[PDB]
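Given next are the chains, with one letter for each unit.
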Amino acid sequence: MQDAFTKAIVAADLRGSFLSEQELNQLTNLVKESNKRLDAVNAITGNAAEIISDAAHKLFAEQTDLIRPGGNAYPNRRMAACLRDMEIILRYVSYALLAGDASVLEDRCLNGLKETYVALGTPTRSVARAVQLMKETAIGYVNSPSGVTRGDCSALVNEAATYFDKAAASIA
Amino acid sequence: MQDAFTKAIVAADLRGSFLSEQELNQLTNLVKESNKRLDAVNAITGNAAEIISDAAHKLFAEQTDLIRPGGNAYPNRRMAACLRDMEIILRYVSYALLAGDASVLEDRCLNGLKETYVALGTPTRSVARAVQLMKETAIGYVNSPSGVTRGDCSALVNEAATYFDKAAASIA
Amino acid sequence: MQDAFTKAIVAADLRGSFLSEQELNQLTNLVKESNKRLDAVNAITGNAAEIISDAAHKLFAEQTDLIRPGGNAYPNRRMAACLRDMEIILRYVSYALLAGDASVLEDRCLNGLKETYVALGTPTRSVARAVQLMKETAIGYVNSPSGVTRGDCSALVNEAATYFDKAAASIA
Amino acid sequence: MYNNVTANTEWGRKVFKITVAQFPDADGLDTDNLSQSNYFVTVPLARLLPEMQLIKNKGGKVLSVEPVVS
Amino acid sequence: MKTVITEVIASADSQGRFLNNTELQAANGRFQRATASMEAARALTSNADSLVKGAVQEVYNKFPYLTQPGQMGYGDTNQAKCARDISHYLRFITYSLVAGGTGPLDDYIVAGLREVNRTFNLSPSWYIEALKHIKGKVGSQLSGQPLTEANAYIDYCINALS
Amino acid sequence: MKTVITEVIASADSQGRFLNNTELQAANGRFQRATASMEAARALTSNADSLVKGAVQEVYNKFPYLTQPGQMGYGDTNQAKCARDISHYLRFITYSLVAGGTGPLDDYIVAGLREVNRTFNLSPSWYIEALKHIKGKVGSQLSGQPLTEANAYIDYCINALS
Amino acid sequence: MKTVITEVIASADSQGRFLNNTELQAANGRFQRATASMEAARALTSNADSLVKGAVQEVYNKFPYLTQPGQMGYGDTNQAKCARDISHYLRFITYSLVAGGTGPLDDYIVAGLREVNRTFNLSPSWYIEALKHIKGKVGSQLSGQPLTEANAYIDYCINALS
Amino acid sequence: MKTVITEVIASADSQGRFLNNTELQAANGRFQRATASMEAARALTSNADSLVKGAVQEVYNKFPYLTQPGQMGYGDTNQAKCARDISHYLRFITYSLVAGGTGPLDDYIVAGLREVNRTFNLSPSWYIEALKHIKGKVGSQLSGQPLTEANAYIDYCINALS
Amino acid sequence: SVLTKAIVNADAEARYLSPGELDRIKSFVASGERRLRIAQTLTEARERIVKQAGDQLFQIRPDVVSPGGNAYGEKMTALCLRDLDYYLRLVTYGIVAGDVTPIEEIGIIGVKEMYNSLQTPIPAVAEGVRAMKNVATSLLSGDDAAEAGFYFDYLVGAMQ
Amino acid sequence: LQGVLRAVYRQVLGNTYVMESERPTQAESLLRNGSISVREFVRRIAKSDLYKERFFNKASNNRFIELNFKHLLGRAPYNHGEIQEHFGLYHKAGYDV
Amino acid sequence: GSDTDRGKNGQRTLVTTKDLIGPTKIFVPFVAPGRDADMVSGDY
Ligand SMILES: CCC1=C(C)/C(=C/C2=NC(=C\c3[nH]c(/C=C4\NC(=O)[C@H](C)[C@H]4CC)c(C)c3CCC(=O)O)/C(CCC(=O)O)=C2C)NC1=O
Ligand SMILES: CCC1=C(C)/C(=C/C2=NC(=C\c3[nH]c(/C=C4\NC(=O)[C@H](C)[C@H]4CC)c(C)c3CCC(=O)O)/C(CCC(=O)O)=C2C)NC1=O
Ligand SMILES: CCC1=C(C)/C(=C/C2=NC(=C\c3[nH]c(/C=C4\NC(=O)[C@H](C)[C@H]4CC)c(C)c3CCC(=O)O)/C(CCC(=O)O)=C2C)NC1=O
Ligand SMILES: CCC1=C(C)/C(=C/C2=NC(=C\c3[nH]c(/C=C4\NC(=O)[C@H](C)[C@H]4CC)c(C)c3CCC(=O)O)/C(CCC(=O)O)=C2C)NC1=O
Ligand SMILES: CCC1=C(C)/C(=C/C2=NC(=C\c3[nH]c(/C=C4\NC(=O)[C@H](C)[C@H]4CC)c(C)c3CCC(=O)O)/C(CCC(=O)O)=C2C)NC1=O
Ligand SMILES: CCC1=C(C)/C(=C/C2=NC(=C\c3[nH]c(/C=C4\NC(=O)[C@H](C)[C@H]4CC)c(C)c3CCC(=O)O)/C(CCC(=O)O)=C2C)NC1=O
Ligand SMILES: CCC1=C(C)/C(=C/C2=NC(=C\c3[nH]c(/C=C4\NC(=O)[C@H](C)[C@H]4CC)c(C)c3CCC(=O)O)/C(CCC(=O)O)=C2C)NC1=O
Ligand SMILES: CCC1=C(C)/C(=C/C2=NC(=C\c3[nH]c(/C=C4\NC(=O)[C@H](C)[C@H]4CC)c(C)c3CCC(=O)O)/C(CCC(=O)O)=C2C)NC1=O
Ligand SMILES: CCC1=C(C)/C(=C/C2=NC(=C\c3[nH]c(/C=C4\NC(=O)[C@H](C)[C@H]4CC)c(C)c3CCC(=O)O)/C(CCC(=O)O)=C2C)NC1=O
Ligand SMILES: CCC1=C(C)/C(=C/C2=NC(=C\c3[nH]c(/C=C4\NC(=O)[C@H](C)[C@H]4CC)c(C)c3CCC(=O)O)/C(CCC(=O)O)=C2C)NC1=O
């Protein structure tokens, strides 16, 4: 598994080199913003259930076919599987966010996922949408939390978004 | 698993026949040369480590890219993986040599091996070469050993070579 | 598994109570001395091999019967087992030292150990001695290390000793 | 001793000891490699009910339970 | 019992390995963090009495019907066992604060929660609402990293119940 | 690749669990520790050239016979491959410093070490003595927690080789 | 296919190990033994025709009733398939003699024997009696270690059928 | 303890099977081979004293520096423990010769070898050079199949140490 | 473009560009800014152009917008002007490319089969395009109006 | 015991190789003691980081569940119900259960 | 062969859940990206 430092190290090694002063300071900056990062990961963990629930309510509000017989979130067994997948993806997105690298998300979650869903008959476009809704709400929470010091988290909100967007793209 | 006798038996059975006087004497000759065969297998066993080591030293002497970063025998684990594969192949070649048949080599070692290496990014041409070097040194030992009775081992040296050459061909 | 805090918590809970101001400050002090504790655990980790080696050299210097045929550290297989056990015990002592509680040592290492050795015919008094020697050298290292800030580590040296002494007592 | 490192919860830390005597069930001759039917397993507290369930499920007889960790 | 210390030790042990710089760095986090944690712990400890009575009442104010006869917020024994239960939660929150991890919560409240609540006809909604209220008031007893810690664990209980 | 960050994530994943306060406390350790680590890294990085030549020579001064003909410290190629190898070690030490764990050392030097050294007739003693020397000189390039970090990883290599 | 050679190779392979003096000593046994084995093989090979007709008849002489109508020793096809079957056994005996082990017998006659015989209403007793007779006559075609070898394998078939 | 006899018995037992012609052929190899083996054993046994002193010295002649002060070939105790160790090797070689397999070597010297040598700072190179020398001199004490046997086991030790 | 066309002929005969081919690339690129201005003007008046084409069309063929007409009704007429908007767009592309490659792959190859299926009268689509020429051409200088006009007459030609 | 350990490392770890540093040594001192059986030793390996890093840490749940069937049970997945049962257990109770 | 990850595709899936459930029978989501709207009145 990689994190943002480990990634630097792998690229340096492929040159046969000690880390460039370029790369050093990029990593010094990651340490600089790490308290914000911890709050951002904490924002997701602290509202995981609601993020999934709210995404869910809204997914089925839009796509009332999934909860009809014939639909891929019917009966209870399938809805529980769908709720479970929402949690799994939100989980690996939070891991990537602590790590500063998408690899755990791509390697443990996204790799093969689309082909799984197609084999199953699970409508990937609906799954992509559920991921887009989780993103909206998750970032909502990253941006408006309990008595965190006031500052600018937009860099981290972007990065979190790209992890949500990776997952969506990979699946649709 | 087959040996040279077992092979005879399978071909006889496919005719529905007791072994031909042809096949009988071919096998009587294998028994005739079996002390030499035991010395030949013993030559390899008794120098396995040096055969691998010497092949290795020479492989990396020729192909200094493998031991640079980016190279398939770098860092220490990859080199350790490359050093037994050398051992594994030398091992199945010695088994074939005791058996008088290549099947154990083809079935337990060579089958799928090329596609493994390609999946891994292991340069098959380099692996083929490492096998060619093991052959040179192994045969060296088969031909010039400790106080073995003097005679002609060229038939066995050829046969050992074909096992080394099978492996090389199969992999490159 | 317990650490020094977890232990406090279990005793509090058995009263049905929030932690006593008594217990709170005992734990505040553990946090106060924690940098020293980290150096103490680091002293052992950084010299584990030598601690085992030096204990060993000295154990067999004293008890030359163990390395004779008939002796419990003869032949190579048994010596490797004995060297391995020295490492295992030093390892759980270092864990206890990071934790501020002996429980991991007692539960994962010492529990049943004496009866194992007796079943095996392993002389427990010799094992106890090997533990006493590890203690001497380990503490040596805790007390005289590389450019650590000067201060008083005797409280921690005592506590480390009691873990070594627990193990010795439990085994002899 | 036992299996050693367990789960990190306190309810995984407690390992117990079971001496059994498995019986030949019914229905079939075992011609494979057989073992003497006594034995003992050390099982952590978190697992225990599946293990005792499959022990008494296969005609077994639990002879002793022992508190070895706790 | 899950703490930063027990976790790194567990991970070392399971690989048959001495604690190394990775594991000691981790431990320093837990020790550096103790001050904020333990401030939250002391504030939650001395306000316990009122935090509990505040949350108990709020369960009845949000679920008015509970306090009518034939219901589970009626009579001394239900209302007594309620205060006790919220008190258990606050107690384990302080323990988790002091311990440096969720262990006390995981072992004494989370493991088994739903089975128990389901057999006894206890709705999680009450408990979430008790905790949401406790979270509101703890906003003005603490601030900075002690508040973040208090929040971390209160929210952890709310997610355990959803 | 073992870092504090990857370790806590691995432990969460394997229990199917979001990162909680236990795991985030751990991460803070790794981030709080980065300054000392990275100071050690910068000092080891710019002195690399001389640290390597110093240790290479010390291998010959401690094992004089290595530099005689027919031996493995003789001729341009042996002496070249030696400098390179110590340079590999210092490189991975800096990586381990920057990464917040032993991962780079574990994955690129420790995994396989003995098999390789045994096939190639390389004695660990040389490498320990190279590292003991590097440890002596790093005593005056750094101090405080940067030195402790440098030491942690140098010692880690010496234990890997014993 | 089980021979001394395949057995020792199997045992080496499964421990990831080169053939050593233990395994080569074993192989020498198999090679030293080939002369007696192969003499038995040649004698059984050229007498096959009559050994088969002798044993076939003996099955009818020992189980007279088999040759009456409505029975399984009656008509050209039963009596033909019988000769064939004994011929199969003698064939695999010669193969086992030549191969240096029971492999050919194990793989081509023993594996599955009872299931087949049970579905087709073939009594092992016949086959044992065919083999007992073949054993009687092979007493005067061979002697010494060739006879011991012939016996070893005939008896092996009789035990497979009991 | 690995011998031809124990190996074939192990293989039978593990398939729940009586010893058959395959396994008895194997055993005959081990018994036929005993004469050469045991001649090697007797020669190595009576020359033990000098074979050991010859190899001990050769370790110092090939690694001159070992015999200087502060080194591991200096003082009565090192030089005593060395003779002993080579004597252990020759002893197990004779045992392996007599036993008909590598068992005694595998169980008493190979299992654990590297761990022990690594903890005690014993270089395999010495031991290989002791054995290479013993191999040189055993060239004129034996010949034919006794020499081949002696060689088989000496070489087996040298490969165990590489 | 002019580039694509020149090159494809070059590569297909396994050769470097001719003096002729080089010359036309040069004359073409010199007209770049002018061609870009012609596209801008027309892009800037697109909504007006489509409309005046649409009036000119329904006078000339009131039937298409009649009981049995392909464009009869408010939303059968809405789609019809949208198609007129499509073709004006393609005409701006063609003018800036200096040939039809893009215009052709996007909107004439397959157009017979598409409209035959929909039962759209092709020759009245050609009229809608003439109508757009008339409007667009009245918003351009004489020289630019001619240059634009070639591309309008091409589309009119291809629907044939 | 070495022959048993080699077969365990061949089967459970899926013919991938363990280096000399990766060897779980202190479980073997006990398996040689006889305090655990082969089944408990297999369970201890499959919960360790050797199995976890290779077959769990970089794959999806389908690959991981089908690799459990190959390593531990020695056979292939039979239907979709075997996979949809096991992953529900993984999400409910983690990797250790 | 082995189930190693160190190749170019570290543990891509095999026996895909297109194997485990076999044939399909009926459905595609019959969705409407066809459009609807505008309203004028008269003359027809
Ligand atoms: C237990 C693990 C852990 C956490 C969670 C942690 C958080 C943490 N967040 C901090 C700051 C902060 N955190 C934020 C975060 C935000 N600002 C906003 O306006 C957004 C809504 C939000 C975006 C994510 C900001 C702006 C600061 C102050 C600037 C800084 O220190 O970087 C600080 C510095 C002290 C302070 O200023 O309060 C800490 C210690 N420390 C830890 O050890
Ligand atoms: C422990 C297992 C085992 C071994 C290893 C074994 C070897 C062995 N090799 C032999 C002969 C021999 N071995 C060789 C071998 C060679 N000649 C050369 O010049 C080459 C360098 C080498 C080629 C491989 C030759 C030429 C003979 C004599 C001819 C013969 O007997 O076939 C003999 C017959 C006796 C003798 O003449 O010495 C034996 C018993 N016997 C055994 O039971
Ligand atoms: C990577 C994990 C980690 C470690 C190892 C760590 C060590 C560490 N040890 C420290 C202090 C110290 N460490 C010691 C230790 C000793 N004094 C002696 O004389 C004895 C020989 C030795 C006994 C163990 C002392 C006396 C201090 C200064 C007092 C204190 O800060 O408590 C400090 C405070 C800064 C300083 O004064 O240097 C740190 C950060 N911090 C970490 O995050
Ligand atoms: C290590 C090699 C080995 C041995 C020796 C062995 C003995 C053994 N015999 C058993 C049963 C048995 N053994 C017998 C034997 C006899 N009954 C009589 O009346 C006679 C006196 C005698 C035959 C001469 C019977 C009847 C049982 C079944 C008992 C029962 O289930 O009621 C069982 C219980 C498991 C089972 O039924 O398969 C074992 C373990 N198991 C082994 O693995
Ligand atoms: C160590 C941690 C721990 C927890 C958290 C815990 C919860 C818990 N609550 C219980 C009962 C109860 N819990 C309540 C709760 C409430 N009643 C109200 O007025 C409110 C609606 C609400 C408070 C918000 C009630 C009324 C009962 C009695 C249920 C019964 O027995 O009918 C019981 C059943 C045993 C008993 O009757 O005491 C348990 C185990 N037990 C524990 O050991
Ligand atoms: C990524 C981490 C990594 C390490 C650590 C590494 C070590 C390493 N050292 C090697 C060789 C070598 N290493 C040395 C070492 C020395 N010679 C001397 O003068 C001194 C005594 C000593 C330095 C202290 C020598 C002489 C060789 C050549 C060995 C040979 O091929 O004969 C080789 C064999 C391939 C080659 O010839 O380059 C490896 C793999 N390789 C790696 O990829
Ligand atoms: C490769 C080794 C091999 C063996 C040993 C073998 C046995 C064998 N015997 C068979 C039948 C038979 N076997 C016999 C045997 C006999 N009839 C007599 O007159 C005597 C009593 C007796 C000879 C002693 C008979 C009568 C049948 C025909 C059974 C039937 O189809 O009804 C069949 C059924 C297929 C068939 O009808 O040919 C098998 C497979 N097949 C094999 O492939
Ligand atoms: C049953 C088979 C068996 C073997 C093979 C064996 C080897 C062995 N050699 C040892 C020590 C030793 N081995 C030597 C070896 C040598 N010193 C020299 O002068 C030479 C360089 C060299 C001989 C070639 C030395 C000097 C020691 C003492 C190491 C120490 O304790 O510092 C020890 C440590 C216990 C002790 O001090 O006796 C073992 C176990 N032990 C066994 O039980
Ligand atoms: C749970 C962690 C754990 C511990 C603590 C452990 C102890 C342990 N020590 C053992 C052997 C051993 N232990 C020793 C230790 C010693 N010999 C001496 O003379 C000294 C007094 C002492 C060293 C200080 C020796 C020599 C053996 C081998 C005994 C033999 O096989 O003859 C064995 C038998 C299995 C084996 O040899 O690998 C176990 C299980 N095993 C474990 O898994
Ligand atoms: C590596 C981490 C990981 C992921 C991501 C994962 C996905 C995954 N989702 C599955 C099923 C499923 N996934 C869903 C999900 C949905 N249904 C819908 O209609 C929505 C569009 C969507 C929810 C947003 C459903 C309904 C099933 C059950 C399909 C069935 O059995 O018919 C399955 C089949 C096994 C099972 O049912 O447990 C896998 C492997 N498995 C994993 O181990």
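What counts and what doesn't
- Residues numbered from 1 in each chain as written, not as in the entry; some residues may be left out.
- Chains lettered and ligands numbered in written order.
- Part of a larger assembly, values for the part shown.
- Heavy atoms only, no water.
- Residues with missing side-chain atoms left out of burial classes, pairs and counts.
- UniProt positions renumbered as here; feature names shortened; annotations may be inferred.
- Helix = DSSP H or I, 4+ residues; strand = E, 2+ residues; numbered from the N terminus.
- Polar contact = N/O pair within 3.5 Å; in protein donor to acceptor, adjacent residues only side chain to side chain.
- Contact = heavy atoms within 4.5 Å.
- Near = heavy atom within 4 Å.
- Areas by Shrake-Rupley, 256 points an atom, 1.4 Å probe, with all protein chains shown as cover.
- Nonpolar A, V, L, I, M, F, W, Y, C, P; charged D, E, K, R; others polar.
- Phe/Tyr/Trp six-rings, centres within 6.5 Å; stacked < 30°, edge-to-face > 60°.
- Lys NZ or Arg CZ within 6 Å of the ring centre and 35° of its normal.
- Salt bridge = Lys/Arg side-chain N within 4 Å of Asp/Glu carboxyl O.
- Buried < 20%, exposed > 50% of the residue type's maximum accessible area, 1.4 Å probe, protein only.

Method of structure determination, per the deposited record: cryo-EM was used for this entry, reaching 2.8 Å resolution.

As annotated in the PDB entry, chain D carries the name CpcD protein and comes from Gloeobacter violaceus PCC 7421. This entry appears in the Protein Data Bank under the title "structure of bundle-shaped PBS with short rod". The Subcellular location (unreviewed entry) comment attached to chain D in UniProt states, word for word, "Cellular thylakoid membrane".

The name given to chain A in the PDB entry is Phycocyanin beta chain, and the organism recorded there is Gloeobacter violaceus PCC 7421. Regarding chain A, the UniProt comment filed under Sequence similarities (unreviewed entry) reads as follows: "Belongs to the phycobiliprotein family."

Take F:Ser11: it is sitting in helix α1 (residues 4-13). One polar contact links F:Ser11 to E:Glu7, side chain to side chain, over a distance of 3.4 Å. What F:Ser11 contacts, discounting residues up to four positions off in sequence, is E:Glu7, F:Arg17 and F:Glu23.

Residue and element names in this part refer to chain G. Surveying the vicinity of ligand 7 reveals 20 residues, the closest of which are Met72, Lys81, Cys82, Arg84 and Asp85. The contact in question runs from an oxygen atom of ligand 7 to an N or O atom on the backbone of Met72, over 3.0 Å. Between ligand 7 and the protein, one listed contact pairs an oxygen atom with a side-chain N or O atom of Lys81 at 2.5 Å. For ligand 7, whose free accessible area comes to 880 Å², the fraction covered by protein is 77%. In terms of residue count, helix α4 (residues 75-99) provides more of the shell around ligand 7 than any other element does, 9 residues in total. Considering only residue class, the shell around ligand 7 consists of 13 nonpolar, 4 polar and 3 charged.

Inspection of every chain in the model, using the stated rule, returns 32 aromatic pairs over all chains. Three or more aromatic residues joined by ring pairs form one cluster here, namely J:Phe56, J:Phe64, J:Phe87, J:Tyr90 and J:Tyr95. The ring of B:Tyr92 has B:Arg91 lying over it, and the distance from NZ or CZ to the ring centre is 5.0 Å.

A complete count under the given rule lists 82 salt bridges over all chains for this structure. Between C:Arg129 and C:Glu62 there is a salt bridge, and its shortest N-O distance comes to 2.8 Å. Of this pair, C:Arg129 sits in helix α8 (residues 124-143) while C:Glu62 sits in helix α4 (residues 48-62); the two residues are 67 residues apart in sequence, bridging distant segments of the chain. One salt bridge connects F:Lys135 with F:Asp155, and the closest N-O pair in it is separated by 3.1 Å. With F:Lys135 in helix α7 (residues 124-137) and F:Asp155 in helix α8 (residues 145-160), this pair connects stretches of sequence that are 20 residues apart. F:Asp155 gets classed as buried once you look at its relative accessible area, which sits at 14%.

For the rest of this paragraph, the subject is the UniProt feature "binding site: (2R,3E)-phycocyanobilin 2" (unreviewed entry) in chain A. As annotated in UniProt, the feature "binding site: (2R,3E)-phycocyanobilin 2" (unreviewed entry) corresponds to A:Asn72, A:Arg77, A:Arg78, A:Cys82, A:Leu83, A:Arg84, A:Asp85, A:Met86, A:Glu87 and A:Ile88 in the numbering used here. With respect to the helices, strands and loops of the structure, A:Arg84 is situated in helix α5 (residues 76-99). What A:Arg84 contacts, discounting residues up to four positions off in sequence, is J:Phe87, J:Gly88 and J:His91. Among the secondary structure elements, A:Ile88 is positioned in helix α5. Using a relative accessible area of 11% as the deciding quantity, one classes A:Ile88 as buried. The contacts of A:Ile88, once residues within four sequence positions are left out, are A:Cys109, J:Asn61 and J:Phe87.

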